[PDB]
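# Pasting the sequence and an experimental structure:
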Amino acid sequence: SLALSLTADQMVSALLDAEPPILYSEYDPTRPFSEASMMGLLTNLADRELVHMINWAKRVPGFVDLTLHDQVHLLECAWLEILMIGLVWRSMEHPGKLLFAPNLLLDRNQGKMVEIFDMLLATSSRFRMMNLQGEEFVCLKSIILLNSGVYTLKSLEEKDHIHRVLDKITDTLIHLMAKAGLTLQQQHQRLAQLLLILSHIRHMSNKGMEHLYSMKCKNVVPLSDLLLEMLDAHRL
Amino acid sequence: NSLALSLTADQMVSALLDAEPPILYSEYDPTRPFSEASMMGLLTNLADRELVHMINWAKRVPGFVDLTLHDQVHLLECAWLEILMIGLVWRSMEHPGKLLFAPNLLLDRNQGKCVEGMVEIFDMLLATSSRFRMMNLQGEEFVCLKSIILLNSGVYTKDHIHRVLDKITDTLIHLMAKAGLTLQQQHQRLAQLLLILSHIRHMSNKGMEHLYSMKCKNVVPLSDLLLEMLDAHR
Amino acid sequence: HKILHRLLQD
Amino acid sequence: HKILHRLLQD
Ligand SMILES: Cn1nc(-c2ccc(O)cc2O)c2cccc(C(F)(F)F)c21
Ligand SMILES: Cn1nc(-c2ccc(O)cc2O)c2cccc(C(F)(F)F)c21
């Protein structure tokens, strides 16, 4: 393969290069909105963000080496997680605010689902206090992609490959922290701190996926065909 | 301020090992549970009696007692199913393809598909157990991971907890270094172990959804404690 | 209130 | 069959 032969700095350069763009929402301050319309803003934004995430996933080292069936599965499991960590990353420099899009800033008081917002706000607040680096962010985001659905025959050969690639990203994270002058103790701690966030991001995803289900059944918030197929695989 | 920080790594290990809750038994009924009423009745009953021990265990976790009562309640409400599950997959390690809920209650996936939704929860629990067995997970590592879950899972919803979490991280690294692992093997294994916690969270949320559905269907009665744990979730 | 409030007390 | 499948296959 090629993912295993990459150096830590090559790994970082590859991930930074593959970074998806920041899209705008359809939000209009002169247009009235409703609980359902504001929800439509998020789902619509997420829908065309998925098309960029797919091309982003292809450029993640080791991902394209996997079978098309496994690639589909990994994205069906982590797409909301990846979206959320992307949200809290760009929401860091906005205390008490969530930056869904450059033209869409929402705080806790616009809780159309306060609980999910507060969790996202807390996660973003955690990143701000840790002074999360962009290099660390793209590592964490790629970890989520490869890890979120790795636990669902010669298929085991692929599982070990993901484990191998995951170990590479671990060394890459440690490489960054060592480069940042952190002591060996601080490197272990920061690594642990960063990965414990992923447990919470997974939690926020599961909570969000349940709300996404209710929006489908209530049939008032527009859900694209792709989002429906994403949700359907999660409720399989 | 908190005693947990003055603890050495070996003292931290000894504290967690000594605070370990017992392995409880299910009813000595030799009947193989296939009905959803019979199986889930045994799981909820087992969870009920285990929750009392978990509470007692939680108190003896360094740093947990230093928190306010409300914070202690919150952490247990968030992580109790995670803690039960990581305990399940731990003692199920030596029984591949099987889940050791109790020494007299082993469940395979063939029993799980006699209950709608459970067979995927079982498969996820089986995969976690096999993953633990392949990493050669040690008991000293297990008690650290379980305490991490207790302290981490509810953190957001405060510097002290983060400091204790760092101590456990130092404790985990300490154990691996005692086992002769190189520095690279130390941060790789640490990363691997902590990535399992995301899946444990996933299984817990899925398990909480099934628990809620049982309360709605009303056929398996739930104890007041399990109901209050479930309400806290939703 | 909660049973957890009581069981955590001793 | 899936949209995600078609887009990954591109
Ligand atoms: C809570 N949440 N957050 C998003 C979202 C959209 C775009 C983005 O870049 C990040 C996000 O978290 C999102 C998209 C679709 C549905 C939901 C919800 F269902 F609420 F969980 C969502
Ligand atoms: C899925 N699951 N698993 C358990 C359980 C009970 C005891 C234990 O030691 C470990 C467990 O995972 C359990 C207890 C109560 C309810 C559920 C279920 F609802 F299925 F999620 C449970």
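Done, it's in. Numbering: from 1, shown residues only, chains lettered A, B, ... in the order given. Ligands and ions are numbered 1, 2, ... in the order given.
# Tell me the spacing between the residue nearest in space to the middle of chain A and ligand 1.
Nearest to the geometric centre of chain A sits residue A:82, at 1.4 Å (CA atoms, centre = their mean). Between residue A:82 and ligand 1 the computed distance is 9 Å (CB to the nearest ligand atom, to the nearest Å). (C-beta placed from N, C-alpha, C; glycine too.)
# That residue touches residue A:52, doesn't it?
No - counting by CB atoms under 8 Å, residue A:82 sits too far from residue A:52 to count as a contact (10.6 Å).
# Name all residues that make contact with residue 8.
In the absence of a named chain, chain A is used. By CB atoms under 8 Å, 6 or more residues apart in numbering or on different chains, residue A:8 lies in contact with A:171, A:172, A:175, A:176.
# I was thinking of chain C, sorry if that wasn't clear
B:55, B:58, B:59, B:69, B:72, B:73, B:76.
# wait, which of those is closest to chain D?
Distance to chain D, by CB to the nearest CB, is smallest for residue B:76 among these, at 38.3 Å.
# and the gap between that closest one and ligand 2?
15 Å.
# In three-state terms, label that residue for me.
State at residue B:76, reduced to three classes by DSSP: H, G, I helix; E, B strand; the rest coil: helix.
# for chain B, what are the nearby residues on chain A?
With CB under 8 Å from any CB of the partner chain as the criterion, chain A meets chain B at residues A:118-119, A:122-123, A:126, A:143, A:147-148, A:151-152, A:163, A:166-167, A:170-171, A:173-174, A:184-185, A:187-189, A:191-193, A:195-196, A:198-203, A:206-207, A:210.
# residues contacting the closest residue to residue A:114 other than its chain neighbours?
Nearest residue to residue A:114 in three dimensions, chain neighbours excluded: residue A:108, at 6.3 Å (CB to CB, 6 or more residues apart in numbering or on different chains). The contact partners of residue A:108, by CB under 8 Å, 6+ apart, come to A:96, A:114, A:117, A:118, A:121.
# from those, which is closest to residue C:9?
Taking CB to CB as the measure, residue A:118 is the one of those closest to residue C:9, at 28.5 Å.
# what's the closest non-adjacent residue to that closest one?
residue A:108 (5.9 Å).
# List the contacts of the residue nearest to residue A:126 when sequence neighbours are not counted.
What sits nearest to residue A:126 in space, not counting adjacent residues and going by CB to CB, 6+ apart, is residue A:197, at 6.4 Å. Remark: with contacts taken as CB under 8 Å, 6+ apart, residue A:197 is in contact with A:123, A:126, A:127, A:140.
# Go ahead and build a ChimeraX selection from the buried members of these.
If you want just the buried ones from those in ChimeraX, going by 16 or more other CB atoms under 10 Å in any protein chain shown, the selection is:
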select /A:123,126,127,140
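# can you redo the contacts of residue A:197 as a markdown table with distance to residue C:8?
Shown next, in a markdown table, are the contacts of residue A:197 (distance: CB to CB, whole Å):
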| residue | distance to residue C:8 |
| --- | --- |
| A:123 | 27 |
| A:126 | 27 |
| A:127 | 32 |
| A:140 | 34 |
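# so how far is residue B:72 from the residue in chain C positioned nearest to chain A?
In chain C, the residue that lies nearest chain A is residue C:2 (18.9 Å; CB to the nearest CB). Using CB to CB, to the nearest Å, we find residue C:2 at a distance of 11 Å from residue B:72.
# Do a quick rundown of the helices in chain C.
With helices called from DSSP state H, chain C shows them at C:3-7.
# for chain B, what are the nearby residues on it?
When proximity is defined by CB under 8 Å from any CB, chain C lies next to chain B at C:2, C:3, C:4, C:5, C:7, C:8, C:9.
# Of these, which is the nearest to chain D?
Using CB to the nearest CB, residue C:4 comes nearest to chain D of the residues of chain C next to chain B, at 42.0 Å.
# so what's the closest one up against?
Here residue C:4 is in contact with B:55, B:73, B:76, B:77, B:225, B:228, B:229 (criterion: CB under 8 Å, 6+ apart).
# again, but for residue A:55
The neighbours of residue A:55, taking CB under 8 Å, 6+ apart as the test, are residue A:20.
# Touching, residue A:58 and residue A:68? I think so.
No - counting by CB under 8 Å, residue A:68 is not a contact partner of residue A:58; they are 11.0 Å apart.
# circling back: neighbour count for the contacts of residue A:8 - can I get that in CSV?
Putting those into CSV (neighbours: other CB atoms under 10 Å in any protein chain shown) gives the following:
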residue, neighbour count
A:171, 16
A:172, 25
A:175, 18
A:176, 21
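# for residue C:2, what are its contacts?
Shown in contact with residue C:2 (CB under 8 Å, 6+ apart): B:73, B:228.
# how about stretch A:205-222, does it reach chain D?
No - with CB under 8 Å from any CB as the criterion, chain D is not reached by stretch A:205-222; the gap is at least 15.4 Å.
# just how off-centre is that stretch within its chain?
18 Å (CA atoms, centre = their mean, to the nearest Å).
# Please apply the same query to stretch A:103-119.
The answer for stretch A:103-119 is 18 Å, by CA atoms, centre = their mean.
# coming back round to it: so which of the contacts of residue A:197 comes closest to ligand 1?
residue A:123 (10.4 Å; CB to the nearest ligand atom).
# was I right about the closest one contacting residue A:201?
Yes - between residue A:123 and residue A:201 there is a contact under CB under 8 Å: 6.7 Å.
# Between those two, which contacts overlap?
Any residue near both residue A:123 and residue A:201 by CB under 8 Å, 6+ apart counts here, and that gives A:84, A:85.
# Contacts only, for the nearest residue to residue A:226 once chain neighbours are set aside.
Closest residue to residue A:226 apart from its sequence neighbours, by CB to CB, 6+ apart: residue D:3 at 4.8 Å. Contact analysis of residue D:3 by CB under 8 Å, 6+ apart lists A:225, A:226, A:229.
# So for chain C, which residue is the most central one in space?
Per CA atoms, centre = their mean, the C-alpha nearest to the average position across chain C is that of residue C:6, at 1.9 Å.
# Compute the distance between that one and chain D, please.
Separation of residue C:6 from chain D (CB to the nearest CB, to the nearest Å) stands at 49 Å.
# Near residue A:52, how many other residues are there?
14 (other CB atoms under 10 Å in any protein chain shown).
# do the same with residue A:201
25.
# My read is that it contacts residue A:144, right?
Yes - using CB under 8 Å, residue A:201 is in contact with residue A:144, at 6.9 Å.
# which residues touch the closest residue to ligand 1 within chain A?
Residue of chain A nearest ligand 1, by CB to the nearest ligand atom: residue A:208 (2.8 Å). If you count contacts by CB under 8 Å, 6+ apart, residue A:208 has them with A:80, A:84, A:116.
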